[PDB]
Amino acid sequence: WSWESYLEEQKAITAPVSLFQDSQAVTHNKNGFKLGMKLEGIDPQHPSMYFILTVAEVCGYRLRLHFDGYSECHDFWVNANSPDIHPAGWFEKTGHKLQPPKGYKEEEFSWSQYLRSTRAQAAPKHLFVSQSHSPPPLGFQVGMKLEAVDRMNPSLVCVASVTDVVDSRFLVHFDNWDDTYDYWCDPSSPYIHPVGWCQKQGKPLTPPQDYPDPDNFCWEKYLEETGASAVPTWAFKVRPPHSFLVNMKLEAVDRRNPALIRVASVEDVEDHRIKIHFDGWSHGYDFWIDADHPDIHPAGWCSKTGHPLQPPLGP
């Protein structure tokens, strides 16, 4: 199977490499992660929370991570240039809480004693693109307030806080709601707005969960009572629309089976999202995804990185 003959046969084109972020397109970096290496990382189910993880599997420029002490059914895949993993020791140098292995209490864990018990190696620091050493997202400080879209209830723009800052990204948290609504963001995110944006648009602002008298909700009073500042208006950057067009082909991680990467086409587009179709599969498997998601890639990505590519499903 080749992309060249496939595109010739389909009279189609791939999405040019120039439409991707460098982190999505880069194939010339070696994967330095090795089986058994230990590290810290974000739980994709609880994006505010950090766990001790072990490398369970490597495939191309991707790794499968295991939560030490828990079931292997929680394992998940990342790219080796993921900014959501960090070297052993990072949590204590940068102000982050680390969930210990199942069994430990969080004043009974140290890395030096845990590496001694397990005889394991921490992944070396030079492997990690994000160690809190890069310039921060200008203007967004921990504790500052903004208006954010709830991506699980996307018709709602809500009162939200910056609760974590790591390199050029920050965590959006919805005041008084479960942390499982949190998501990582940057200054150009189309989902975040300055305090006062809703009122300027004649849009309903959703106040914190069970705010007393939500009808009389007023930002100025809320900021005063919480000892908080608004993220300043100048910090918010216009992200321009992506340039993907319908029928352009690419490679995408299968969401039902994330060990696998399949030949995919752009089925539909919005300003900041694309709809993925897996060639040869039912359209029931189509899904919408952010154009900057780390799990879509230009054609050739699996081949240059050493990951198997699934061809179109054919007879």
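Just so we're on the same page, rigid core means the largest C-alpha set that superposes within 1.5 Å between forms. Residue positions are given as counts along the sequence shown, with the first one as 1.
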Q) Taking RMS over all structures and residues, which stretch has CA atoms farther from the shown form in 8 other deposited structures of this protein, 211-219 or 82-90, after a rigid core fit? A) 211-219
Q: Name the stretch, 149-157 or 121-129, whose C-alpha atoms sit farther from the shown form on average in 8 other deposited structures of this protein, taking the rigid core as the superposition reference.
A: 149-157
Q | Mean C-alpha temperature factor, higher of 52-60 and 283-291 | A | 283-291
Q | Mean Cα B-factor comparison, 178-186 or 97-105, giving the higher one as deposited | A | 97-105
Q) What's the residue among 223, 162, 148, 138 with the greatest CA temperature factor in the PDB record? A) 138
**Q.** Candidate set 168, 243, 79, 155 [ranked by C-alpha B-factor, highest]
**A.** 243
Q.
Ranking every modelled residue in this chain by its Cα temperature factor as given in the entry, which third contains residue 142?
A. middle
Q.
Going by the CA temperature factor in the PDB record, which third of the chain does residue 73 belong to: lowest, middle or highest?
A. highest
Q: Divide the modelled residues of the chain into thirds by Cα B-factor and specify which third, lowest, middle or highest, holds residue 65.
A: lowest
Q. Would the CA B-factor of residue 172 place it in the lowest, middle or highest third of its chain?
A. lowest
Q. What third of its chain's C-alpha B-factors does residue 89 belong to: lowest, middle or highest?
A. lowest
